[PDB]
Structures are given as structure tokens and as C-alpha cells.
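The chain below stands alone and is given as C-alpha cells, in the form deposited in one PDB entry.
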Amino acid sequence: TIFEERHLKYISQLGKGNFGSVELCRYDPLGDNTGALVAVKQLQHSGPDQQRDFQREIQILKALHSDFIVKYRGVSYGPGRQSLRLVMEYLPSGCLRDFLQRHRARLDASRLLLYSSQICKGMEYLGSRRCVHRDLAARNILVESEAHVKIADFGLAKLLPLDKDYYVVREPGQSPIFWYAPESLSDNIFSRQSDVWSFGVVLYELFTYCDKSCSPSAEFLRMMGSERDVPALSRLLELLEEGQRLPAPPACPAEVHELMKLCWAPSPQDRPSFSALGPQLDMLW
């Protein structure tokens, strides 16, 4: 729960989220290379605002206890106060984006639906804690095992106040635009309902086994086209407002495609809840 910095032996970089990376370290207090492997998150950039974002992330993940959410291990203690690190569990399989591509051939529709059902359960639990993820994508999901997935990357996660159902992010966005809901794209309005939009994109990613040629970017870029003096985001928004949607992935079962269409409902209120999606996915298997 408190990891001494001197005992955290650096191995390699796992990911590069902006303002701070995630590294693979071994917790080696005996110094003999026999200790357990862990994932350590730290800020790289500096400008007290990101430090408050990092402390928020820690507090958020610390108060989360689900089989479908990446496990918090503790924090790091060293010759500080620069800069404190978030210690989490390491999932040797890595992100589901890479796993889907490495094992296309062995993952059938029931397995994809099992992952979908699990991501869903984890999203239900995030909603129940008033947490909005803002970064649901296959790249931010980890494989614990052949039949077990977990949600991760809580760097953009915000807690909803008790009086509100949405969060208006002042920023704006620095993630690929193909996962955002139309209301986040136009007014930066994030909520549980915008996480449901993104979930439909995660359903699309799973059922295209994260193939790069029919990926959310690749397919939206082809159906968007090339305008004269209109920015890419505005064109995507014109496309979504017109009711155009990503098209059903090759060999995708009809039921799953209809489910993605529900997740992509134009207005947030018409999008099903994660608790509504849950039994639907279980029924399909």
C-alpha cells in the first residue's frame, strides 16, 4: 500500500498518456530480481493543475473495488515531494486492442460478448460511483486472462457532483475524436450517457478485432471525405447529426450491430443505461 521508491526497479515503458506515462517496474525490496511486477504511473509534465489531476486519479482508483476495474496497489514513497507515483497491478497480456489482433483466430462471437458483458459490468459500477471515464476505448482495457477483461486509464476520469448528471470540461479534448459522443464534440458535455456512446465504439472495436483498416478512424475518415475549409471535427459532427454511423463490422451478428446503434442514439436520454445493456449482452452470451 506504500512502496519505497528505492525498491521499484524500472524495466520499460508500458504506455504514454499525455502529462504522464505508465512504466513496468518490479517491486524488489530484497533486490534479487524475484519480486512481483507492477504498473507505475507518473506525471512527466509540470504545471500544478495536472498534479491535482494526478491526485484526483489516485483517489478515484483507490475508492474502486471491482473485478472489472484495474487494481490499485498503493502509492510510492521516496526522497520527495517530487512527484509521488501511482502503483497498480500489471496485466502481462496488455491492452485488448493488441490482444484482439494477436488472437483474432481463436476469439469467436461468444468470447467477444463475454468481454462486452464484463466491460459493461465495470461501466455500471463506475456510474454507480458517479465516475465518468471519458476515455473508454479498447486501447484502455486490459486482459487479465483469456476470459477476463478490466477497465483502466483513469487520467481523464471526473467525479459527478451530487446535484449534476453531466460534467462540462473547460479543456477541450486531446484524444482521437472517433470515440467522443456528439455532445462532447460540440459542447464538451461528458456524462454516463457519453460513456455509453463510447461503449458502442468499443463494441465496434471488439467485433472488428481492432483491425487497423476498418478501425473507427479509418472508416470515419473514408465516409467523412475531404471538404475545402471545414475542420475534420466539424465534418464528423455534420456526419453524426445527419444520422450517418459507422457501419456494421464484417460478419458481425445483427443483434450486436442493433445494440451499437442504440449506444449511438442522437440525444443522450435515448441511449440505454449500462445496467440495461448488461442483461442484453448476457442474453446474446
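The first residue of the shown sequence is 1; numbering continues from there. Only the largest set of C-alpha atoms that superpose within 1.5 Å between the two forms is called the rigid core.
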Practice task
Could you say which moves further from this form in 4 other deposited structures of this protein, stretch 31-39 or stretch 245-253, by root mean square CA distance after aligning on the core?
Solution key: 31-39
Practice task
Superpose on the core, then say which of 70-78 and 188-196 ends up with the larger RMS Cα offset from this form in 4 other deposited structures of this protein.
Solution key: 70-78
Handout entry: Unmodelled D135 in at least one third of other entries with both flanks present
Key = no
Practice task
Taking only the other compared entries that model residues on either side of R170, decide whether it is unmodelled in at least a third of them.
Solution key: yes
Exercise for the section: Using only the Cα atoms and their B-factors as the entry lists them, report which of 168-176 and 86-94 averages higher. Expected result: 168-176
Exercise for the section: State which stretch shows the higher mean Cα B factor in the entry: 44-52 or 62-70. Expected result: 44-52
Practice task
Pull the Cα B-factor of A265 out of the PDB entry and bin it into the chain's lowest, middle or highest third.
Solution key: middle
Exercise for the section: Using the B-factor values recorded in the entry, state whether the Cα atom of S186 falls in the lowest, middle or highest third among the modelled residues of its chain. Expected result: highest
Practice task
Compare the C-alpha B factor of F274 with those of the other modelled residues in its chain, then answer lowest, middle or highest third.
Solution key: middle
Fill in the blank from the handout: Here the Cα B-factor of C252, set against its chain, lands in the third termed middle
Practice task
Report the third (lowest, middle or highest) to which the CA temperature factor of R81 belongs, ranking only the modelled residues of the same chain.
Solution key: highest
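Below, we turn to the form deposited with a small molecule bound, even though it does not appear here.
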Practice task
Heavy atom within 4.5 Å of the small molecule in the deposited bound form: which of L259, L64, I58, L236 fits that? Just give me the one.
Solution key: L236
Fill in the blank from the handout: the small molecule in the deposited bound form has a heavy atom of only one listed residue within 4.5 Å, and of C131, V201, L112, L100 that residue is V201
Fill in the blank from the handout: The stretch from 45-53, 26-34, 243-251, 226-234 that lies within 4.5 Å of the small molecule in the deposited bound form, judged by heavy atoms, is 243-251
Exercise for the section: Indicate whether the small molecule has at least one heavy atom within 4.5 Å of a heavy atom of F274 in the deposited bound form. Expected result: no
Practice task
Look up in the deposited bound form whether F68 has a non-hydrogen atom within 4.5 angstroms of the small molecule, and give yes or no.
Solution key: no
Exercise for the section: Give a yes or no for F178: in the deposited bound form, does one of its heavy atoms lie within 4.5 Å of a heavy atom belonging to the small molecule? Expected result: yes
Exercise for the section: Would you please decide whether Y209 lies within 4.5 angstroms of the small molecule in the deposited bound form, comparing each non-hydrogen atom pair? Expected result: no
